[PDB]
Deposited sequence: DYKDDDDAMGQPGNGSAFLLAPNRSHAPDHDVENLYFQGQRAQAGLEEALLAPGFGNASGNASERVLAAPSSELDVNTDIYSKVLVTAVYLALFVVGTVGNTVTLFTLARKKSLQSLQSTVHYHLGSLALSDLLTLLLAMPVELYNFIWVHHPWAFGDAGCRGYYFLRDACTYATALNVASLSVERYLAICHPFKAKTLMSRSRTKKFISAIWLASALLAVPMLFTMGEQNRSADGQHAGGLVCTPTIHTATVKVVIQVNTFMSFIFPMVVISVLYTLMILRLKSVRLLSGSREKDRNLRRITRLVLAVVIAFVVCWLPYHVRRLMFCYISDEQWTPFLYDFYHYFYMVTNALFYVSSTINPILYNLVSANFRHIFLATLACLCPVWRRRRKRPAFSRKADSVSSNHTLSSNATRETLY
């Protein structure tokens, strides 16, 4: 029991901070190209905190058995977590693309990223994320488990070998591919930043660009810290078929990776206020 209250208190703290911060971020940003991407990130976070976490607390932390949400809920819950996972990584890579075009091709960017085209590119991202999460719908189901007391459970309903293929494919599409593109574009930007005397031809616009680029890079580092351990846990299920020491190391590594999933949804608003003076004043005004 003692572990349950410890985990439950950590989740509640994240839910309060995350909910208020992302909700304010939406209105604060409301009243330009950067603004839409940060808006989309706030929305992926709100879904994660409002829908995924209440299911996790009831049917995982406190009531292990039996599953209480029905077959449909079992399928819906795994589908949501994957859909949020794709949406976050895709937004951060696209946000990285907008910074790179501003620094290395300033004139070309004006047409390439236009407000009308920005609204359309974000719609595609949400549509793509839901489509990539469709396979987990079919992988998971609700089954009556005989005689570990027998009863209704949410468990994989396909062969265990095929399940491993689904987990590995998601790791590459959701994490490895985004990291390669983000690494290459940021490497290029820093080489330009360390060389050019003035960007955009004025001091004020140069100073503005450097501050915004620094803010986005902080978003990237927080993303790598939270998500990379989570993929390593998933990769252990596939390749790591124990003593008392090893058992405990695996138990705690699993719980730590679960908390990190929610921490990712709460970090951004905090970063925005620290890095930017202007956002803080408007945010403080709205909050």
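Q: Where are the holes in the model when you compare it to the deposited sequence?
A: Missing C-alpha atoms (numbering from 1) occur across the ranges 1-79, 111-118, 235-237, 332-334, 381-419.
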